[PDB]
A.B. asks: 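Structure in structure tokens, see below.
All chains are named by letter (A, B, ...) in the order of the sequence lines, taking the proteins before the strands, and each is independently numbered beginning at 1.
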Protein chains: 4
Amino acid sequence: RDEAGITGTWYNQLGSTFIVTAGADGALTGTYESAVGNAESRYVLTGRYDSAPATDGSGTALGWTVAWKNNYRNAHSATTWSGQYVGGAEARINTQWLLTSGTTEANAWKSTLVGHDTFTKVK
Amino acid sequence: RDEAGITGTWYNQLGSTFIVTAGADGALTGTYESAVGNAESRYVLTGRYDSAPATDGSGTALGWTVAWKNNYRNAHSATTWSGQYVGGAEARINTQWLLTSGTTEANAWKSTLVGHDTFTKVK
Amino acid sequence: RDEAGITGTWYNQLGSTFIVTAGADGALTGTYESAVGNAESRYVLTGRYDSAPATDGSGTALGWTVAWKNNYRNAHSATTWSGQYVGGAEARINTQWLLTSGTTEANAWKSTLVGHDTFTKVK
Amino acid sequence: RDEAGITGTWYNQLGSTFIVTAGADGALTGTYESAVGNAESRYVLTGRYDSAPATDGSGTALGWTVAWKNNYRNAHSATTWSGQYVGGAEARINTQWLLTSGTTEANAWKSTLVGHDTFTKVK
């Protein structure tokens, strides 16, 4: 249990800020602020993590979702990050993400962006 | 607001069952049972959806996460589905997913599976 | 060797047409015409396939790339399909794809679309 | 035309080596040696790139495929990299990839890995 290791404030390579609390049971709850795209201020996030990971030096699997609607803007889209927490002096959360926009059925083929974010405790 | 359209029981092409409640504010809460893989019985899910989608015939963006730990099994992994809800006589949730396993850093390159699920209200 | 099974004309769910020749050694060579997006007429494709697949009922792994430049249009982008050929009465090529556009570094995070195409010998 | 910029020997973060020749018309031809996985020695690659990219500081879209069969090993799989070439003092090819294995239809849901490689001219 990396409840303590995961809970807190994280930053990715784009300058985004992820603030999360990890629950004893597996819950992730917090806010996300993107440095890029059709986004301003904080958005609600929720997710899950493996509260009893392997002890053989493997990372801790986790994911979370942001729907890009808040009181300021609605980008009609949602991103999910799937990845793993790796603890130790330079802790990191290494993720891949899928960002789907609402589209018509004719445009569904171009609905989803894919990328990768690395979160650290500094920067 | 597709709160009413999304809330309920869904089935995908693999025979999996997703039971979800959509909150007025954007919350998704429920359980997921996979017909395949290292999984048995129900797992907690949480996510988010766009509670005020475009009215121009576009779908409703949403996502959710399952960490594959419950009282029966721990597969040290998490899947996130990112996609869109499309309403109407044959309602569907069309998704793409990322399934990350906890790994050592040497094996991180083979940590993440990707696929696509289509959920319907029947089958 | 599915050289014979793969060589020919394929159609996907979007109405696109893939014409391919499979070489004895693993080569794929042909043309692709997309029914959607910033594309008109035929584009060059090249790829590779497993010329000696498992005989245990598994599919045949393959991939290919199109750069979306031809004599009519340049969409400054390239798609790669990765997937498998499955033979038998209803032969199919089941793929997932990545479509990267050229972008500035500031916009690289939104450079890549992801989707899934299923190709059949009819429609 | 980054024919000259792309042609040559590249290295990724895993210690893999990509040797490529870019043709005037858009062709990519070469060999790939993976530092990881079920692979030994060199494998054939083929792909495509945008031979007339935008001049507004955007990268050059490209992709390529390796089928993991050579005279030493057959891993019944293929990877496609989709990405962009960025020129200048620290040139890079930034990619995302899809690695599909041949599987039975029952196991198709776990056929495809996804990741990201960054290639540079040194290391």
A.B. asks: Heavy atom to heavy atom, less than 4.5 Å: which residues from residues 51-63 of chain B reach chain A?
C.D. replies: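 Contacts with chain A: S51(B), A52(B), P53(B), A54(B), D56(B), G57(B), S58(B), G59(B), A61(B), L62(B), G63(B).
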A.B. asks: Residue by residue, scan residues 69-86 of chain B and write down, ordered by number, those that have a heavy-atom distance under 4.5 Å to chain A; if none do, write 'none'.
C.D. replies: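 Heavy-atom contacts from residues 69-86 of chain B to chain A are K69(B), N74(B), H76(B), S77(B), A78(B), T80(B), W81(B), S82(B), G83(B), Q84(B), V86(B).
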A.B. asks: If the contact rule is any heavy atom under 4.5 Å from chain A, which residues of residues 15-38 of chain B qualify, in numerical order?
C.D. replies: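 No residue falls under the 4.5 Å cut-off.
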A.B. asks: Quick one: do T46(B) and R48(A) satisfy side chain to side chain contact (heavy atoms under 4.5 Å, CB included)? Show the steps, please.
C.D. replies: CA-CA 7 Å; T46(B) 183; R48(A) 301 291 296 160; 4.1 Å; yes
A.B. asks: Report, in residue-number order, which members of residues 90-123 of chain B are under 4.5 Å from chain A by heavy-atom distance.
C.D. replies: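 The residues closer than 4.5 Å to chain A, in numerical order, are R92(B), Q96(B), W97(B), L98(B), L99(B), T100(B), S101(B), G102(B), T103(B), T104(B), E105(B), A108(B), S111(B), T112(B).
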